[PDB]
């Protein structure tokens, strides 16, 4: 260590080599402009939550940290208000409800943003005359069409069911149109206050069971692995799958003749609009009590400069959080086509106690394996919801 420098500690949930390497390159560029700062960048991976929990309890936070979809709920008491920073004038308005309170606090700087729906093979849908589905009913009808017309040669909706998170993603994304987006058919208040009736969730298990029974998902869903997806998609073997984020670009590298697109998550209730799911992905929040708060803010401002924000966003394959930055990403075409579609945060992060992600994955895998029936799943979910609320409380 150089004792003529002070250390600025930054925690990140970034996972890929492109993300980590680009963040390090930008940290090095920051250091060129600030000869007295050594940036200490940490990527704790699976240990992130445990380490931040202990650091919060110790009142010993990193100077900058990633809130990764939990900005208000988990980090509200520790974050510096960023409302007086210059970059806030360009915050994507789709992020206002997620990264601000109505009373004006800006909780964190969004490096990027997540917008998840369904990924699909454009050519397959054109072969069979299928328009992008905007409702669950139209989605299922498309799956039936693909099964009928392909005579079983194309998987209509593919799951890597070996990994329970594949089913969790299904439940989590579709819980938003089911329970959140429609003012006449939502349960926001009941979810937050513990009175939610899990009988209202059964619909999603019924749909999944319909897809299984009707051979609209892959026959091998219980044993299919994430590592198989790119090759199968590039071989024109899959019509739809839940969005993973880099599928199109990865497939194009192997077979440029296959064009993968994305669409928003279909709506469920009549008259409701399709929705993008995500919002926060990676953020930089400053610890309000950091002795190096000024430097932390200088680093955020540096990251928010358009050339830097574009670079970082592109490494993550997602749009920037700022309107003055147009990251050249693979799905940019589709995000422009769907520019007026709204964004909802991930259901589990806002509406369920911590721990429910794994439970959603569990029950979906047990459904696919014919261990649990839809009615019994909702009862298990309710029990875990109650238990995990009781534990997060006490």
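Residue numbers count along the first chain shown, from 1.
Of the two segments, 81 to 89 and 96 to 104, the one listed with the higher mean B-factor is 96 to 104 (C-alpha atoms only). Comparing 192 to 200 with 303 to 311, the stretch with the higher mean C-alpha B-factor in the PDB entry is 192 to 200. Note on the listed residues 12, 9, 379, 16: the highest Cα temperature factor in the record is that of 379. Annotation for 232, 222, 258, 178: 222 ranks highest, by Cα B-factor. In this PDB entry, the Cα temperature factor of residue 273 sits in the middle third of its chain's modelled residues. In this PDB entry, residue 43 carries a Cα temperature factor that places it within the middle third of its chain's modelled residues. Residue 279 sits in the middle third of its chain by CA B factor, as recorded in the PDB entry.
When the modelled residues of the chain are ordered by C-alpha B-factor, residue 297 sits in the middle third. Among the modelled residues of its chain, residue 121 has a C-alpha B-factor that falls in the lowest third, as given in the PDB entry.
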